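Encoded as structure tokens, the structure appears first; notes follow it.
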Amino acid sequence: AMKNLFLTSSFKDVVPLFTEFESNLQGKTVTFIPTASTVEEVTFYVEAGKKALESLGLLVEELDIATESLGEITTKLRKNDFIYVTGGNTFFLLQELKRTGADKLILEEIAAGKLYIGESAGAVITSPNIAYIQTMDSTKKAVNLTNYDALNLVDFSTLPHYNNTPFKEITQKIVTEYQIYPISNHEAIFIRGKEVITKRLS
């Protein structure tokens, strides 16, 4: 029904675009999902994003889909105002969302009007299918995921870090090979229903 999404390559690089997107943040709560990052070896974006949210007066509540009961997943997703998904390995993220059936719970919340913030991997899973991201994120880390169909919230396939080192050749080759929607580190996509707008911080 409703669809409020903020998609980014790097949340810490576009904080002002987020505050342009959404007002009266003080005291609002965020379900913060770092699952994609838990199989990654370099993860500065996780704390950078969390501290950025906190600097806006948001109350951040962690939810690791990989380890928490469905009871806790259901409760947190329902309770908190926003959903935020950190970057990391997109395949592991989608794998854990499907395994728990939480992909469904996220879609329901979004349909009810809940704001979804997706960073890199968290943006990629809004696409119909994440196969296109396999040259950036290794499938070796998702040993159970048998189908790359994702949330299918938008018809387009967000490609983060576009023409941004160290993903220059990677992102270039993806465009060539594959409705790819490229965004750089300082771009965000504002989505309010059918209204889709790219903004750049510069």
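The first residue in the sequence is number 1, and the count goes up from there. We use all heavy atoms of the structure for the numbers below, so side chains are in, but hydrogens, waters and symmetry mates are not.
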Regarding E54 and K51, does a basic nitrogen lie under 4.0 Å from an acidic carboxylate oxygen? no

Would a distance-only check, ignoring hydrogens and angles, find a side-chain to backbone donor-acceptor pair under 3.5 Å from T38 to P34? no

Tell me if a side-chain donor or acceptor on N89 pairs with a main-chain N or O of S138 at a distance below 3.5 Å. yes

State whether the side chain of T74 and the backbone N or O of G71 hold a donor-acceptor pair below 3.5 Å, judged by distance alone. no

How about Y181 and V196: do any of their side-chain heavy atoms sit closer than 4.5 Å? yes

Can you tell me if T43 uses its side chain to pair, donor with acceptor, with the backbone of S37 under 3.5 Å? no

Does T90 offer a backbone N or O that forms a donor-acceptor pair with the side chain of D137 under 3.5 Å? yes

Can you confirm whether the side chains of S10 and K12 place a donor and an acceptor under 3.5 Å from each other? no

Nearest-0.5 Å distance, CG of residue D103 to CG of residue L97: 6.5 Å

Inter-residue atom distance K199.NZ - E187.CD, 0.5 Å rounding: 11.5 Å

Atom of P160, atom of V124 and distance for their closest heavy-atom approach: CD-CG2, 3.8 Å

Do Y132 and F92 sit in one hydrophobic cluster, given that two such residues count as connected whenever their side-chain heavy atoms are within less than 4.5 Å of each other, even indirectly? no

Enclosure of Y178 OH (heavy-atom neighbours >12, cutoff 6.0 Å): yes

Taking every non-hydrogen atom, the tightest pair across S202 and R200: CB-NH1, 3.5 Å

Steps toward salt bridge (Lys or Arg N to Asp or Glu O under 4.0 Å) verdict (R192, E195): CA-CA 5 Å; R192 300 275 193 201; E195 300 186 333; over 6 Å; no

How many angstroms lie between atom OG of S184 and atom CG of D13, to the nearest 0.5 angstrom? 9.0 Å

Nearest 0.5 Å, please: how far is CG in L7 from OG in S120? 10.5 Å

Tell me the closest heavy-atom pair linking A1 and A111, and the distance in Å. CB-O, 3.5 Å

Less than 4.5 Å apart, side chain to side chain, heavy atoms only: is that true for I189 and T8? no

is_close_aromatic(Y148, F91), centroid dist under 6.0 Å: yes

Is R78 paired with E108 through a side-chain N to carboxylate O contact shorter than 4.0 Å? yes

Contact summary for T35 and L63, nearest pair of heavy atoms: OG1-O, 4.2 Å

Per side-chain contact (heavy atoms from CB on, under 4.5 Å), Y116 is matched among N4, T31, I106 by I106

Would you call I33 and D64 a side-chain contact if the rule is heavy atoms closer than 4.5 Å? no

Taking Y162 as the fixed residue, which of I174, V175, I183 is the one that meets the side-chain contact (heavy atoms from CB on, under 4.5 Å) rule? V175

Do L59 and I83 belong together in a cluster built from hydrophobic side chains that touch within less than 4.5 Å? no

Please confirm whether the backbone N or O of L153 pairs with a side-chain atom of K3, one donor and one acceptor, at under 3.5 Å? yes

More than 12 non-hydrogen atoms from neighbouring residues, nucleotides or ligands closer than 6.0 Å to CG on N147, yes or no? yes

Quick one: name the residues clustered hydrophobically with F32, using the 4.5 Å side-chain heavy-atom rule over I, L, V, M, F, W, Y, and just say none if it's on its own. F6, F11, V14, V15, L17, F18, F21, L25, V30, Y45, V46, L53, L56, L58, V60, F82, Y84, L115, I117, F190, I197, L201

Minimum heavy-atom distance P16-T19, with the two atoms named: O-OG1, 3.0 Å

Less than 3.5 Å apart, any donor N or O on the side chain of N129 or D149 sitting next to an acceptor on the other? yes

Looking at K79 and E109, is any side-chain nitrogen of the basic one under 4.0 Å from a carboxylate oxygen of the acidic one? no

Would you find more than 12 non-hydrogen atoms of other residues, nucleotides or ligands less than 6.0 Å from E62 atom CD? yes

Counting C-beta onward and ignoring hydrogens, is there a side-chain heavy-atom pair between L145 and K98 closer than 4.5 Å? yes

Do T171 and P182 have side chains that approach each other closer than 4.5 Å (heavy atoms only, starting at C-beta)? no

Does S55 reach the main-chain N or O of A52 with its side chain, forming a donor-acceptor pair under 3.5 Å? yes

Can a donor-acceptor pair be found, under 3.5 Å and without considering hydrogens, that links the side chain of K141 to the backbone of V39? yes

Would you check, one step at a time, whether the test side chain to side chain contact (heavy atoms under 4.5 Å, CB included) holds for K114 with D81? CA-CA 6 Å; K114 197 145 294 181; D81 299 302; 5.9 Å; no

For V154, does its backbone N or O pair with a side-chain atom of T126 as donor and acceptor, under 3.5 Å? no

Output yes when a side-chain donor or acceptor of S9 lies under 3.5 Å from a complementary backbone atom of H161, and no otherwise. yes

Measure the CD1-CG distance between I65 and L93 for me, rounded to the nearest 0.5 Å. 8.5 Å

Working to the nearest 0.5 Å, report the span between CG of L151 and CG of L107. 5.0 Å

Side chains of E61 and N80: is there a donor and an acceptor less than 3.5 Å apart? yes

